[PDB]
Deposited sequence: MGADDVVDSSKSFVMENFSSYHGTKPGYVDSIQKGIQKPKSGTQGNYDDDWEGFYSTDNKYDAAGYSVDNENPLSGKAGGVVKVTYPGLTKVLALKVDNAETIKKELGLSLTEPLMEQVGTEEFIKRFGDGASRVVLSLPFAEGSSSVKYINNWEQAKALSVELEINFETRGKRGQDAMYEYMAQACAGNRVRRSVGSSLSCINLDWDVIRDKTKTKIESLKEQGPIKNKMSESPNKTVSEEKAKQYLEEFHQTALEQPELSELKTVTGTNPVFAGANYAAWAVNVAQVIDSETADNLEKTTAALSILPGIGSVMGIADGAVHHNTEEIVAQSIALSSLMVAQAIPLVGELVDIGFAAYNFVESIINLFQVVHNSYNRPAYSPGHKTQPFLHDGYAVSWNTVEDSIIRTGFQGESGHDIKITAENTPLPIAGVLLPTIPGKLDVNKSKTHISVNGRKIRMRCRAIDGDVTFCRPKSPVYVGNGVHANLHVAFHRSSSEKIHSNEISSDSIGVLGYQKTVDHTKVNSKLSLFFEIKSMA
């Protein structure tokens, strides 16, 4: 009983779920669910068709191969979803008193097990969380009981007749109706067109002729590529790319050039003539954010027109850098296909719901510091009661000793005050009390009463204590900021003195 979350268990009629299917098995699987020729051996499905589709790619070519499809499988009649709180077979069988020999999924398909936990249903399906960061479940079915499932087709990616994995990824992008929902046929065509025509452009032909066109050093291949990147960017095909990449130093020509040098150095002949091997090699390079226009938590390049421009620019740069630092046409063929595949992976990551830095236990990384709420409950300021709470914040830095100057805390007249007594900061166990003064009616600032430094080997725990004088709940009208502000070292941003700001974002909730 300590192992079953009944809150997530239920019986249902015509229980449905989804199963990703690999190329070839799409039509065969509609015949019926059959085990092919250990405690957890069973048929696996999920409640999220979009997460199912990720199980659907050619296993001989998982990175770049073709995507099969998704089938929906339904049990006729009544089905008991038994949600389990732990994924250790031994543990389960004990706290349920099962045959510590019989495999767990062996036992789950027996009349006896179906009797005990079935609640009147014809069979049991186990439910576990799909993954960390996911709200989906994975369903584990017994292979005998699975003989009863009807199999309808949800989608077959092969039928859609699109290039690469475009079908699978445009499917997954439906999950978000924000949302990067790009037409990759449009982007592929625009890309081809822009490459072809940029090649025929006068200043580009001109700038190519100036190329050492032979093996050289990274330092000068990089210099040339930076020059090629500047002139290329001046042509009308790349006018919008020029405008969106002029400010953010992540998108500068020097990073395009470093990318291009790095691709050209690692792509041999064996590699270039295979999409799977190409993708694997490219997938371990740093700096891809430069080409994607992804930085600071945002996909900036989010229109078909600007993505194809960026990919076209990058395709030419690889072409130029290959004779300078390489070893061989790939720049227009396998390179473009592989990099489109990588765009799709990363766009999909950003489409999926996720906590930003400084939310829940996701670290906030800035100026060499790393700061985070110690547990999920710490990031929650409970409301609607008279009294006290504590909130732990972890704090360190990557290398040398960097200071912590203090922390800015939210206050709300009557409902949220800084317990100045219990608020402190502890550095490798050394407990440091704080002097807290109010700035205005909504912000208190606490400073350590002896110096705080963190670094490699030196971490701090910032303990914030809140007091509530009323039991009236906080309403949104009442609170401006949603972050606690830990202040690092003092710097001069904009001819003016400021502290590095390490932000930890809280949620106001009731019990």
- Which bits of the deposited sequence have no atoms placed for their C-alpha? 1 to 3, 41 to 48, 189 to 200, 352 to 354, 538
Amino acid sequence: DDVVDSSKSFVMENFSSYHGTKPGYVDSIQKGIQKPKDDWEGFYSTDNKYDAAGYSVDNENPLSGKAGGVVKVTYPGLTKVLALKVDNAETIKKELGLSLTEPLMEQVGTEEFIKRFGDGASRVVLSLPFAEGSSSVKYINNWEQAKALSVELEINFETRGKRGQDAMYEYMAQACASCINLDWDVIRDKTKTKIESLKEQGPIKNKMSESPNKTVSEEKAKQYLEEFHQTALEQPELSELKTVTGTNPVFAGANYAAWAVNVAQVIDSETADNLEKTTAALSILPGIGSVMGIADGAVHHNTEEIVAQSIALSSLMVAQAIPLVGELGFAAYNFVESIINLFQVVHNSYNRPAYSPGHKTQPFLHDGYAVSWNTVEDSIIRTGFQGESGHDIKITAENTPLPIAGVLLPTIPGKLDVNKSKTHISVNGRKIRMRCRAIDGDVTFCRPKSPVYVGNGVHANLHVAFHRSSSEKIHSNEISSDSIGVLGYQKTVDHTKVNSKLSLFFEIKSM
From here on, numbers count along this sequence of modelled residues.
- If you average the CA temperature factors over each stretch, which comes out higher, 51 to 59 or 22 to 30? 22 to 30
- Where do the C-alpha atoms have the higher mean temperature factor in this entry, in 137 to 145 or in 102 to 110? 102 to 110
- Task: By the entry's C-alpha temperature factors, tell me which of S480, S450, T46, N461 sits highest.
- Result: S480
- Task: Would you mind finding, among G297, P363, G97, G287, the residue with the largest C-alpha temperature factor in the entry?
- Result: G97
- Query: By its CA B factor, does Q490 count among the lowest, middle or highest third of the modelled residues in the chain?
  - Reply: middle
- Item | Ranked C-alpha temperature factor of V70 among modelled chain residues, by third | middle
- Within this chain's modelled residues, let me know which third the CA B factor of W373 belongs to: lowest, middle or highest. lowest
- Item | Third assignment of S476 from its chain's C-alpha B-factors | highest
- State the tercile, meaning the lowest, middle or highest third, of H229 with respect to the CA B-factors recorded for its chain. highest
